[PDB]
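First, one chain by itself: the form deposited without this ligand, in structure tokens.
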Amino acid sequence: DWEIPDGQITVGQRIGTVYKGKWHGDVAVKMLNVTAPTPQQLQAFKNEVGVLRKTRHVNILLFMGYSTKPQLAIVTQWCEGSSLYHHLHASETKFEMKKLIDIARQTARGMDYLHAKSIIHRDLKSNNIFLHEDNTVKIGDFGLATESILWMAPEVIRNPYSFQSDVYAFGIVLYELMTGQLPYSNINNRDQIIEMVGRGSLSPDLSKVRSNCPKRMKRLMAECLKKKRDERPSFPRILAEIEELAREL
């Protein structure tokens, strides 16, 4: 059992619900603050716990246990540092290419691991990628996994979710790394992007990628961003490629 007997966790400050806590060291706790969970609230809990229970990988957020009796709660490791979103989009400090490649590799290993276990993340984005101690990638925020608009494949815009969708979202994450920007800087209208990406009249501007960016990465990026879902690569190939060029330079 991964059920942590309640009263063993010293809950602390709020983060966003999620609390930093104390349980044999630093932990993070996601507490559903309801009086009595909906039948839907219960299955969402069981599902997230069931999928977390099957993950043991350094690039996946470490699940540590759950609580049921007082409230629904999911306990994971405590990550120090910020999300990839914050580092790229909301911070002055920008990364060297070698690290950007490394961040890409670590994410791909995690995604490759998940897909090997028949798990679709369905919400991969730079915000769900935690740079633990600013070096080690941790894929997390597992609210929707099974067994955010800018990171959506056209067939998710228009079951839409698949391994292929996870690949597209990973493609956008790559675009973030290699540009430092979010896709569609021109568009400020939600419903415009939705229609345009959905139709296939729109795609990320790969001309914006850094001059340093290896052509191998740029090519791969384009592949993961293919509008036809079945034309997109699988993570074994994605990881292989990223691994190839990482050694290459």
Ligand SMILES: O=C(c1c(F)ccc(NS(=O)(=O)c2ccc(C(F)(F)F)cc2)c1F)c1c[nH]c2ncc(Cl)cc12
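In this text, rigid core is short for the largest set of C-alphas that superpose within 1.5 Å between two forms. Sequential numbering from 1, following the sequence displayed.
Compared with other entries of the same protein, residue 112 falls outside the group left without coordinates by a third of them; all model it where both flanks are modelled. Gaps at residue 143 occur in at least a third of the other compared entries of the protein that contain both adjacent residues. Unmodelled residues of the deposited sequence between residue 147 and residue 148: 10 or more. In the deposited entry, the stretch joining residue 89 to residue 90 is continuous, with no residue of the deposited sequence left without coordinates. Mean CA temperature factor is higher for 96-104 when stretches 96-104 and 167-175 are set side by side in the entry.
When the two stretches 148-156 and 108-116 are set side by side, the higher mean Cα temperature factor goes to 148-156. Of the residues listed, 41, 55, 59, 203, the entry assigns the biggest Cα temperature factor to 41.
Among the modelled residues of its chain, residue 229 has a C-alpha B-factor that falls in the middle third, as given in the PDB entry. Per the deposited record, the Cα B-factor of residue 76 falls in the lowest third when ranked against the other modelled residues of its chain. Sort the modelled residues of the chain by CA B factor and residue 236 lands in the lowest third. In the deposited entry, the Cα temperature factor of residue 197 sits in the middle third of values across the chain's modelled residues. Sorting the modelled residues of the chain by their CA temperature factor places residue 32 in the highest third.
From this point on, the text means the form deposited with this ligand bound, which you will not see here.
Placing this ligand by C-alpha superposition of the site, using its position in the entry with it bound, leaves the pocket blocked: at least 3 ligand atoms lie within 2.4 Å of backbone or C-beta atoms here. With the partner left out here, this ligand still marks one of 196-204, 24-32, 176-184, 209-217 in the entry with it bound; by a 4.5 Å heavy atom cut-off that stretch is 24-32. Residue 79 is the only one of 72, 156, 150, 79 with a heavy atom lying within 4.5 Å of this ligand in the entry with it bound. This ligand in the entry with it bound is not approached by residue 168, whose heavy atoms all lie more than 4.5 angstroms from it.
For the chain shown alone, residue 15 is a contact residue for this ligand in the entry with it bound, at least one non-hydrogen atom being within 4.5 angstroms. Proximity of residue 55 to this ligand in the entry with it bound falls within the 4.5 Å heavy atom cutoff.
Contact check for residue 114: a non-hydrogen atom falls within 4.5 Å of this ligand in the entry with it bound. Residues 114, 121, 130 are the members of 98-130 with a non-hydrogen atom no more than 4.5 angstroms from this ligand in the entry with it bound. When both forms sit on the same rigid core, the CA shifts between this form and the one not shown reach 2 angstroms or more only at 38 out of 38, 207, 201, 211.
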